[PDB]
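*Asks:* Mind having a look at this structure? Questions to follow.
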Amino acid sequence: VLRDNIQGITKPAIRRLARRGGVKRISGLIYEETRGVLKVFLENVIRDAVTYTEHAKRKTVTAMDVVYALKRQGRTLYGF
Amino acid sequence: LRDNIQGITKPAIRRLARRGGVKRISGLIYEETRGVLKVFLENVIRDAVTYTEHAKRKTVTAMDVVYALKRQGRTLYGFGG
Amino acid sequence: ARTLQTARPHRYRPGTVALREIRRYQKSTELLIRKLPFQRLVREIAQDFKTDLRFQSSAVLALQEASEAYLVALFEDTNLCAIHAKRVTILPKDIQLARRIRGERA
Amino acid sequence: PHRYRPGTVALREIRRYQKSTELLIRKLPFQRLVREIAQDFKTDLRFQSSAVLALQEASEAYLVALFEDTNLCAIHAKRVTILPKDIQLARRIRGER
Amino acid sequence: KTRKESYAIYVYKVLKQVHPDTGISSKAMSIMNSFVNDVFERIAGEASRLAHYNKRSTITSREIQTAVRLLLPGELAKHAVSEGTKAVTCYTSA
Amino acid sequence: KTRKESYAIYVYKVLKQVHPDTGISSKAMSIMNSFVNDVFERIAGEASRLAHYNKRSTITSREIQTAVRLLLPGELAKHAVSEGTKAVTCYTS
Amino acid sequence: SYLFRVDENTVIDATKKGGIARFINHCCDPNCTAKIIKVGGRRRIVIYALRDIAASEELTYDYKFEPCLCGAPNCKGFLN
Amino acid sequence: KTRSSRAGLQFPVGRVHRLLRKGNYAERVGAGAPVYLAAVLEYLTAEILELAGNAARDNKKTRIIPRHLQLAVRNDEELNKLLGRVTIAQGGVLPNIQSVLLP
Amino acid sequence: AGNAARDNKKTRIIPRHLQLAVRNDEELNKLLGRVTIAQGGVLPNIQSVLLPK
DNA sequence: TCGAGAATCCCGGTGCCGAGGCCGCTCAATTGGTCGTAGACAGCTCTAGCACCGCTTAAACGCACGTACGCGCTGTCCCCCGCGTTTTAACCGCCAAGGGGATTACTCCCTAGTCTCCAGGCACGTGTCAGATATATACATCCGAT
DNA sequence: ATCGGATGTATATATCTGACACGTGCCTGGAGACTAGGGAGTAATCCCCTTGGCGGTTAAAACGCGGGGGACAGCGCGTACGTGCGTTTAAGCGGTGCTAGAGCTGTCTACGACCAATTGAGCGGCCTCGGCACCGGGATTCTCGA
Ligand SMILES: C[S@@+](CC[C@H](N)C(=O)[O-])C[C@H]1O[C@@H](n2cnc3c(N)ncnc32)[C@H](O)[C@@H]1O
Ligand SMILES: [Zn+2]
């Protein structure tokens, strides 16, 4: 099993994401907050992805399952 | 029927804002709010009138408004939905 | 020991009548806009789409309901923005920020 | 000797990153994270290759977008830094909480 | 006159078994009716979409279960699926 | 092997009219295919609901017109309804 | 005394028969109140939570009887 | 004589008629519904490919990549509303910096 | 809704009681996060920065 | 710190209208039986997701310094609130009319459905040039001293 | 503001592949033709309910004013954030191996659509009284100035 892998989202990665979004001076407590937010988003999407997989009696999470999970939440995605 | 938006007077906006939970209104809100409300009303009545003239009739029913609302994400319970 | 029971001029400072109107409106459930002005406003806006419609009397009412449940909700959000900026008043630059973040302007 | 003024490398990085389209988060640790979050819903999960990336792509367009809003909230308070009480407002206004 | 239909009498039969003495108003009855219609449409539409991705040609008692488990939140899902499967068992063995 | 149909060739035929010497990559063609699918599903769903409301069963060229007027924004609606009526006219003769 | 006054000409007596609601003590500061609902057309005594109550907390309640082992920070020496 | 050529189109009116029939939309698909729908789809894909090619040209390239579709859509004002919630993959962000930040 | 209408000393479920029953829950609130219940009013709530000191 | 006065809740008395039960009367749900086919299932093929290994090298971490911005405080001034007086039109009740929304009655024409016939679009190779590096160099921006 | 330089970025030439664009078979989805049938278009008509107008009244809006609380500007303190440099570390890339499980095909049958006769559930119209809105008069709380 795996555990405490959320720490792989490093400080420079969040920093670069903020820089793309337009930020210029990131606080210090942000990294933990965005790690929590990203974890929540990922949980909510993978729940529906796994439900869509289970329904079809499969054991591989297809790409169309992730696309449908995202579409079902009002966040469509072009390219898969 | 010209210049009726002044019918959404100041006390009505005050009461809406009180129910919203705000405590100390500014003085310029009472025009931004009329603009917002006019935009919302145009966006809804456009689809209501589309729904009502697609069915070849000249009377905006309540089902037309319910559909025009449900279509923009904002449903509405109570009027025959 | 005894049987227990359940029963046996002026000028308010600014900011108190507001905190009372808030409590008396957040518990009532009627419509907060006059009905004839909203009637006329709906009829006047629907001119730009088709000339002579008849607006069945439950349509108008319907709109009014939504038109409240939108504005009220909007104000809630704007309130937070004000409280976020370390103030108490709500300003037009708060409504615009709420509508931008929320997706209505982009 | 020489030292760029504090904060002037920020805008250079801003322009450098807003112009490209690469993926900002490292791919393998993100694969591990997504692969272990789904351990709470099943166990013999396989995660077809183009699915993970899919997720990752979406999971960037979220965060970036969120920061685009966080900044606004910061700028609303006559500020520059984005303190963690901005993300919370930016997530409560759009109904995500 | 033309006879239109609703869920009035069934909502009333449920109210008269959850609160055997309360009584619903009229506007509240119309609200509950439109609520039932809205949830019906949500669930049946998601069930259809789901019975389409899989290329099945029918909308069975399992598309409905997965739809209920997607749309309904965390804990309402478990109780909803329990009531559903109980009803389906009690119905098939009769 | 396995036959899967897509809107690649039609998107290419249209590209060769709007820009006779450019060429779409693979990812961009996948994106355009997904875009066409999305818009088709939106318009079809809205026309379906719009036929269900008036208690009909034929989904004719009036429902598609009204659905284009509902979905597409201000200006795109006008040009889209114009192209549509022009094509149905040039087809019914 | 475990007597309780429903109205002017009727009282509840829980000295020998009743619920565990006979195990709620009088406190100068209460966190629960007692209202009189009417279900089925008859009056009954219900106990509502006045203020939020945490776990493993004693349920205080004001008797209004009209000595006091109150033990409250602010408190009066009489149940009467 | 395919039913698309008879209308002066490039989209497959036959395939769109088939999809409308086999998608469980209504009981009886009309006659001039697939023509209308194919014409609308063709107009939209042309309107987006034109700006995509324009954007790809100014950047001195002859191949359209997702960056150029992102630019073409988000720069427009009525396509940005149509595709208001999509996230074009490998698309990136439109360059913009708040005025308060730059010195 | 009946619990609310009883704890409010009435005996008729009424739109305000449905609005209360929904918005006071936590999961019935996500199922109906977008709806608006006509004649349901709003839930009593005042921020803490506003309450006097 | 406590009086007072303004607002709020709670207890009876009263009228009225809509929530609920009752009666006839449909028409749609029930039951039985047939029949075609959607899908279950056993089985086989093959691809692609998983795991490991070795190098290298770019990205991550720790550390130091210094300085820009958060922030807490103080101080004006100004404008939004609470309240009283005057003015308006919303609202309620009522009457009259006629448009058009439903409903009914015919009829016909537009589409499903089936069979026949074949050409267009999709998997599969093959070719080459468009774009990605890579290097050298010129020009732009930025920072210290004055 | 002025240079001087130092770092970074943009410009242009060389070259190097791999992914796009084109030509080929070939398989089945699309086009033609014809029929039957029911869904939609059209005429009659009727009565609901929308529109329009009018008088009273009184609730709510409009206006003006006094002032106290709040928004906004201006400074010092200090810390926590950015920038640069020298380390570590594990990401990435390439190459191998392999086995799980997606995917596709043929056989069989259990299940849902379809159709006929019917009959009782529920839907519309009629009362009707009890719950609720309204009014009035107590107690009971809260705010504010002293
Ligand atoms: C409902 S009984 C409380 C139950 C009691 N603790 C028991 O063990 O049964 C209330 C009675 O308990 C006693 N009591 C309750 N609260 C008290 C208090 N605060 N001080 C003194 N006696 C108290 C009095 O005799 C009072 O009449
Ligand atoms: Zn005591």
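Simple scheme: letters A, B, ... for chains in structure tokens order, numbers from 1 for residues in each chain, numbers from 1 for ligands in the order shown.
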Please, which residues of chain K lie no more than 12 Å from chain H when the count uses only C-alpha atoms (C1' of nucleotides), and can they be set out as a ChimeraX atom specification?
*Replies:* /K:19-20,29-32,38-39
*Asks:* Got a sec to pull out which chain B residues are within 8 Å of chain C, counting only C-alpha atoms, and send them as number ranges by chain?
*Replies:* B: 1-2, 4-5, 7-8, 12, 15-26, 28-29, 32, 37, 40-42, 45-46, 49, 58-66, 76, 79
*Asks:* Give me the residues near residue 66 (chain A) as a PyMOL selection string, where near means some atom within 10 Å (using only C-alpha atoms (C1' of nucleotides)) and where sequence neighbours in that chain fewer than 3 positions away do not count.
*Replies:* (chain A and resi 45-50+52-53+61-63+69-72+77+80) or (chain D and resi 50-52+54-55+58)
*Asks:* Could you give me, as a ChimeraX atom specification, every polymer residue with an atom at most 10 Å away from an atom of ligand 1, counting only C-alpha atoms (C1' of nucleotides) and all ligand atoms?
*Replies:* /C:1-4 /G:1-4,14-15,20-28,60-63,65,67-72,77-79
*Asks:* DSSP on the backbone, then: every residue of chain F marked alpha helix (DSSP H), written as a ChimeraX atom specification.
*Replies:* /F:8-18,26-53,61-71,74-91
